[PDB]
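Residues per chain are reported as follows:
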Amino acid sequence: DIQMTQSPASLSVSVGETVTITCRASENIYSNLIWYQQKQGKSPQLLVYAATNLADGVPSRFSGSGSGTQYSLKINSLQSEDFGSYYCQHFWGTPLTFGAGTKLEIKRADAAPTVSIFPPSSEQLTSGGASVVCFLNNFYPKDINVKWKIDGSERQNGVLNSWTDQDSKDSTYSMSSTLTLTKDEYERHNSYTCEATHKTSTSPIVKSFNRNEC
Amino acid sequence: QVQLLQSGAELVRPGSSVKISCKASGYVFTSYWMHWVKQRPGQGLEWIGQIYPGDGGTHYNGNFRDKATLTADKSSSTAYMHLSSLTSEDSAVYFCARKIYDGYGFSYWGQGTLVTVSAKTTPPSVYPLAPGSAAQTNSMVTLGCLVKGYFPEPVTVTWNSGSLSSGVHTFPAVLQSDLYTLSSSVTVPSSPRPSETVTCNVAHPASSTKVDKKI
Amino acid sequence: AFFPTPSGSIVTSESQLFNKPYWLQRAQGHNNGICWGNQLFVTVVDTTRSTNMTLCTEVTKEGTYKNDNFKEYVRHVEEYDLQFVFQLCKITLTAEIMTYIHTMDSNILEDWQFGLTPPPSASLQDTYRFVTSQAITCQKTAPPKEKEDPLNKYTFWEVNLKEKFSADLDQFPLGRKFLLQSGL
Amino acid sequence: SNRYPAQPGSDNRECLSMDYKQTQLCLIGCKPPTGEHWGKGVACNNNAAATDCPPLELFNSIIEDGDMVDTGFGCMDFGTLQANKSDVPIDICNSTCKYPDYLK
Amino acid sequence: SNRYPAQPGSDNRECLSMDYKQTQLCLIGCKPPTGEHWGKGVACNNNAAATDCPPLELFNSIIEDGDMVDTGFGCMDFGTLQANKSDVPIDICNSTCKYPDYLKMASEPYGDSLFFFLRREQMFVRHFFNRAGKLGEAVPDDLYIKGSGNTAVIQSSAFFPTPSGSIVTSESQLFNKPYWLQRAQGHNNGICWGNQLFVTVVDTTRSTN
């Protein structure tokens, strides 16, 4: 097989900039590349064939380039209909391989998160559980790391996370982070918190709760 | 007019065999090779094979060798793939591929087919989540509602049955131990709490337990 | 149960029947060239110029051959040409002639649009003419339809020559060959 | 060399290609030319020791465009006279090649 | 004999040798002699075509020197329509073999490409080979009856003949004999405008190696 190394993993861009996605293989394929567009909840759609030739219906912002072992596509004045997830595909070889996939995201100025911690629900305590959840809401960028802590000592196991897609309104993300623990582990320790690292503040977001307080 | 119909959702058990098919029209079926593909979630596509309805000459991938049996039928104008002894790492989406008669790349696709492997379905339960008595009164108070532990998709959750619901990030269902867990948290001004006392309703296109809880 | 396979032989360039003039001076019937109804029916068969060029369309291209990377067609092309030369001839239409053409065809004499023809001169029998509008003993009411031609069911290569006449011959191939025969 | 015994089997049908008898002709006229072909017809009343044999009769028609000419397989119908459909090539398999009557 | 079922493997390309149809011709002109060939063109790309067959188009070009003559395989461009480059003999792999159009030059009113023309061709078939690959239009169902077992795969029926030549005598030559232009066929009865003439020959009875 000839594997493909598509880079970057994503890009934050606004309307108008000149964009470039890297697409590189192992063997000299002779300009037999296909680029593609996928939006959310949708199927791929034909953009360019044989790395220079456009198929029908498309505007002239897309332009292909490159020869040899490297190729890249150029879009000038990028528009709101172009946002989605991408794939560059070579088509010689047993077997055919595809692109790594870049999700073409929107650019926005950064805003610090609004994160709020909660004590667990009393309905789980009767059945015998206690789920500790830290909701990470309305920040930027998507990359963020969350720290779970018990009695000042951090915990790595049982951590379950959730990310959402980019909102189409203000280009935000909202993250749900969950730590799951039993009934007997819950009543013994009293200090639990989440501390999320970010670029907007050097110190992490401090949100804690105690069982004796509430 | 050319079209490739595809069934969207398909639920199965691990270690069994499932018959996935897509329908062909708008062109003459015997004049084109057909390919099938797999996009691993969190990964790119993977090409599996190459099949012709005219003679039946097959082609597989070596990493799919003995895993899929590419066979078709020409009367009803459809092609099949049939994964044998399915495991959890092939829980993914699938299309069947149509190129131009030249055949550089794939011009038309199908719709998609996501497969999931599990033993039994289970209905969830909804839990109310109240804030803490710390974190003193600023402008916005963020609430909580948490459904947990269900199979399968889909599930709907609405605040006040859709009355005041504007600005809630309904979080995606994460699958851990064949049960999905979803969450939702509303942003709201501080004054209608505890005035309106917003509720969290669950509707389930399934066994269909409709539960309401006060937040 | 036997059957043989015919093949045919070499095809020269002197055993042809086309690309040549053919004058007529005496047809083998009593119709000495005249075409009533202003149409002809020319039919030819050739099996000598019957080649079959074959196409080749590729799938995926690289310098190591695999036989499934190509998908071929089979096509075949044939053309023709027709050329004519016609001659204006008149019919004097008197009493003893229209009785002759009437027995050959009806469609000729109506298509000069100069009169109508009562088909009998009367008949002898009563033919049992009813008037009471059909409620006693059913008869075959036989609604007619002329249908304007008999050949309209079939399919031909229709060619038109309504806009391709000329009066000056020698600006064409056939005129320059025909005039050298006649000496005019 | 067609020796003995015959090799048994359910089907020995294969792929072959053959050529055609070369022919050139030309007919004109004021009324379109008429051709003919053999064709299966009607039998008679009940006959005791008669074998199963389809009767053969003449049919006159008008030579439509596209129909084939004879090619050394006789001027006969091929649709309703071959059940197996595997004796002539594709170009004459379900078609009825005629031939004009120079006598009539 | 072509037995069932199919024996071979992935690629079964062969090495073979043939010859061509013998062709003698001779022309005379003051303008150069034109000619044509079958070549590709554009299609109608608003209709949802069931098959997307390459359309074909006639091209009246002007004959250059070194362009090959018809070799019985038809007058097409083998450069762009034989993508596998490996189904015609070597010499005709990457060019176009034109053929004259007599019925066009004669119908030109000034008649300044033909003063005199002659031709002799003959051809028959020696062997029969079938091509390989997948048929574009596979055969429809109601003209055959299927089977089972060794009759599983339909054999690809792309048949092509081979040209064979013939005998070549010396009674049927066309050269070393004079030709007096008693009367040309067009209107230009021998006049050579612009102080030039264009003769052309294609002879392939004297082509030893």
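Residues carry numbers counted from 1 along their chain as the sequence is written. These may differ from the entry numbering, and residues without coordinates are not shown. Chains and ligands are labelled sequentially in the order written, the chains with letters from A and the ligands with numbers from 1. Any value you read here covers just the chains shown, which are one part of a larger assembly. As a rule here, side-chain values cover all heavy atoms of the structure and leave hydrogens and water aside.

Judging from the entry metadata, cryo-EM is the method by which this structure was determined, and 3.64 Å is the reported resolution.

Observations concerning the interface of chain C and chain D
It is common to report an interface's size as the accessible area lost on association of the parts. Contact criterion: two residues are considered in contact whenever any of their non-hydrogen atoms come within 4.5 Å of each other. Contact residues are listed per partner, giving 30 residues for chain C and 23 residues for chain D. Buried area adds together the accessible area that both of two parts lose upon being put together, with accessible area traced by a 1.4 Å probe. Here chain C packs against chain D, burying approximately 2,200 Å² in sum over the two surfaces, 58% of which is carbon and sulfur. The three residues of chain C that bury the most area against chain D are C:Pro6, C:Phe41 and C:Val45, which together make up 26% of that side's buried surface. Only one rule defines a salt bridge in this text: a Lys or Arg side-chain nitrogen within 4 Å of an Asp or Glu carboxyl oxygen. Our count for the chain C to chain D interface comes out at zero salt bridges. As used in this structure description, the phrase polar contact means that two N or O atoms lie within 3.5 Å; if the pair is within protein, one of them must be able to donate a hydrogen and the other to accept it, and residues adjacent in sequence are counted only when both atoms belong to side chains. The tally of links between chain C and chain D comes to eight residue pairs in polar contact. Broken down by class, the residue content of the side of chain C that touches chain D amounts to 17 nonpolar, 11 polar and two charged. A strand pair is defined by DSSP finding two or more bridges across the two strands. Helix numbering and strand numbering both begin at the N terminus, where a helix is a DSSP run of H or I of at least 4 residues and a strand a DSSP run of E of at least 2. Judged from the four bridges that link them, strand β1 (residues 43–46) of chain C and strand β1 (residues 24–27) of chain D form a sheet pairing that is antiparallel. From the neighbouring strand, C:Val45 faces β1(D), where its bridge partner is D:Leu25. Here the term charged refers only to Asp, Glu, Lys and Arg, the term nonpolar to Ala, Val, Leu, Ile, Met, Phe, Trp, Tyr, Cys and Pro, and the term polar to all other amino acids, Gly among them.

Examining the sheet that holds strand β10 (residues 102–106) of chain A
Residues and elements named next belong to chain A. With mixed pairing, six strands are arranged side by side in an open sheet as β2-β10-β9-β4-β5-β6. Only two strands of the sheet have a single neighbouring strand rather than two, namely β2 (10–13) and β6 (53–54). In terms of strand pairing, strand β4 (residues 33–38) meets strand β9 (residues 85–90) through six bridges, oriented antiparallel. Bridging from a neighbouring strand, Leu 33 pairs with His 90 of β9.

Some words on the domain arrangement of chain B
Domain limits in this description derive from either an automatic procedure or a database domain assignment. You can read the domains of chain B as domain 1 (3–117) and domain 2 (125–214). Here the C-alpha centroids of domain 1 of chain B and domain 2 of chain B sit 39 Å apart.

Some remarks on the pairing of strand β17 (residues 179–185) of chain B
All names here are of chain B. By the criterion of burial, β17 is predominantly enclosed, with five of the seven residues buried. The sheet contact formed by strand β13 (residues 144–150) and β17 spans five bridges and is antiparallel. Bridge pairing in β17 places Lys 148 opposite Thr 181. As defined by bridge partners, strand β15 (residues 169–170) adjoins β17 across two bridges and the pair is classed as antiparallel. Along β17, the bridge assignment pairs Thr 170 with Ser 184. Judged from the three bridges that link them, strand β16 (residues 174–176) and β17 form a sheet pairing that is antiparallel. Directly across from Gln 176, in β17, lies its bridge partner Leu 179. Counted between consecutive antiparallel strands, the loop separating β16 from β17 contains two residues, among which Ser 177 sits at a positive phi close to 55°. Categorising residues by exposure relies on relative accessible area from a 1.4 Å probe, with only protein chains included: less than 20% of the type maximum marks a residue as buried, more than 50% marks it as exposed, and the intermediate range marks it as partly exposed.

Structural notes on the sheet that holds strand β7 (residues 62–65) of chain A
All names here are of chain A. A sheet is described by the order of its strands in space; here four strands give the open sequence β1-β3-β8-β7, paired in antiparallel fashion. Sheet topology places β1 (5–7) and β7 at the edges, where each strand pairs with a single neighbour. Averaged over all pairs of adjacent strands, the angle between strand axes in this sheet comes to 20°, irrespective of strand direction. Sheet topology note: the β1/strand β3 (residues 19–24) ladder contains three bridges and is antiparallel. Across the sheet, the residue bridging to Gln 6 is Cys 23, located in β3. Axis definition: a line fit to C-alpha positions, over the contact stretch in the case of helices; interaxial angles, taken between N-to-C directions, run 0 to 180 degrees.

Thoughts on the environment of E:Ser61
All names here are of chain E. Turning to its location among the elements, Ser 61 is positioned in strand β5 (residues 61–62). Sequence separation of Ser 61 and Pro 33 is 28 residues, and the distance between their C-alpha atoms is 9.3 Å. Leaving out residues up to four positions away in the same chain, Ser 61 has contacts with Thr 34, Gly 35, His 37 and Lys 98. A distance of 2.8 Å separates polar atoms of two side chains, one belonging to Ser 61 and the other to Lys 98.

Remarks on the packing of aromatic side chains
The criterion for an aromatic pair is that two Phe, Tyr or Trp rings (for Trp, the six-membered ring) have centres within 6.5 Å, with stacked assigned to planes under 30 degrees apart, edge-to-face to planes over 60 apart and tilted to the rest. By the definition in use, this model includes 25 aromatic pairs over all chains. Consider the rings of B:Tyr27 and B:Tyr32, whose centres lie 5.0 Å apart with planes at 75°: the pair is edge-to-face. Given the relative accessible area of 2%, B:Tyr32 is considered buried. Taking 5.6 Å as the distance between ring centres and 45° as the angle between the ring planes, the aromatic pair formed by C:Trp23 and C:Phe178 counts as tilted.

What about the environment of E:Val69?
Residues and elements named next belong to chain E. Secondary-structure assignment places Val 69 in the loop between β5 and α1 (102–105). Residues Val 69 and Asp 91 lie 22 residues apart in sequence; the distance between their C-alpha atoms is 11 Å. In contact with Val 69, other than residues within four places in its own chain, are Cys 97, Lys 98 and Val 202.

Considering the arrangement of the chains
By contact count, the leading pair among the eight pairs of chains in contact is chains C and E. The closest approach of any C-alpha atom in chain A to one in chain D is 32 Å; the two make no contact. Regarding chain B and chain D, which are not in contact, the minimum distance between any of their C-alpha atoms is 15 Å.

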